[PDB]
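Undergrad:
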Amino acid sequence: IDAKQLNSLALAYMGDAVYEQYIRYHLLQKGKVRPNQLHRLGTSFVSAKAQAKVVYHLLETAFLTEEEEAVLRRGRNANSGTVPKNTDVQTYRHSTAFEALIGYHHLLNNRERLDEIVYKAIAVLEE
């Protein structure tokens with residue numbers, strides 16, 4: 143897989159699952175919640191609004207390199223062309239962009255940098 147050439151929807155497809163795996167592990171490690179609550183708790187980390195909030199934080203603080211910001215810019219984009227119902231389009235684009243960045247680093251095996259981004263996302267959302 144050539145991540146630098148892969149289209150953004152495919153990158154986001156990958157990163158969506160990668161981030162999900164980090165989040166679910168995080169939720170189980172914190173523990174102390176009944177399993178029926180896990181889905182709802184996960185939504186506060188993986189919804190469009192949550193992922194967009196992370197992107198705004200990352201862009202604002204210059205947390206990312208220029209290469210990573212180019213991944214995000216590309217990642218907004220072209221979405222399959224439909225938006226999930228009752229979802230704000232800009233929020234959805236920034237969400238999808240986050241997923242593209244996560245996918246990108248996963249497929250390039252940049253584990254350490256990916257840890258950094260994902261743990262930062264988690265800290266932002268929990269603050």
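Per the working numbering, the very first residue in the sequence shown carries number 143; after that it's consecutive.
Note that the Cβ used here is the ideal one computed from N, Cα and C, for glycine as well.
1. Kindly indicate which residue of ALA242, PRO226, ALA192 has the alpha-carbon position closest to the one of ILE165.
2. For the alpha helix (DSSP H) containing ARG182, name the first residue and the last one.
3. Kindly indicate which residue of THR224, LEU214, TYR234 has the alpha-carbon position closest to the one of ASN149.
4. Decide if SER237 is buried, meaning its Cβ has at least 16 other Cβ atoms within 10 Å, or exposed.
5. Just to confirm, are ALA239 and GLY217 a CB contact at a threshold of 9 Å?
TA: A quick look at the data gives this:
1. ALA192
2. 180-188
3. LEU214
4. buried
5. yes
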